[PDB]
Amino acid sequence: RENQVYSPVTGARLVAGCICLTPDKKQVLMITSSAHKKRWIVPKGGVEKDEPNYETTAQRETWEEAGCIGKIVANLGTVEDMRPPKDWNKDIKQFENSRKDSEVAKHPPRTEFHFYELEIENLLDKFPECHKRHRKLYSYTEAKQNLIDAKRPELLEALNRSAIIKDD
């Protein structure tokens, strides 16, 4: 429903999420997509009109989607979902070409993500989406490949800004 908040500039939907790390920072918590049962992503969801800050949305979504509780130790800033609209590929105009580079035709972002780094304090076996998704820890290398397989580079960018140990 329209409790959703949008960028007043780009009309992008405003989303907050967490990069949930283990205390040793060797692993990150991932959840399976609802629409696509095999795509592994990280907890995130739409900011609602009542919510006073992005941290609120991020910790609410981390609980609802991944039954995870922890403390926010870092602001990982913003990343954007620059996937083109559903209109794309049945359009006449598709790409915009430079002399030494190629780009997708200029379009507004779908989503603006505000990500936080969380240190996991507890994982509970029961949470609101406990039967709708799976949830598992992955090393950096495993995590990175999951996000490419999920076709979500903006989520990998968020992961890369975290303190996750990448030497594994």
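Don't overthink the numbering: it's just position in the shown sequence, from 1.
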Q) As stated in the PDB record, which stretch has the larger average Cα B-factor, 43 to 51 or 28 to 36? A) 28 to 36
Q: Between 84 to 92 and 68 to 76, name whichever shows the higher mean Cα B factor according to the PDB entry.
A: 84 to 92
Q. Quick one: which of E119, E103, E61, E112 has the biggest Cα B-factor according to the entry?
A. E103
Q: Could you say whether, by C-alpha temperature factor, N3 belongs to the lowest, middle or highest third of its chain?
A: highest
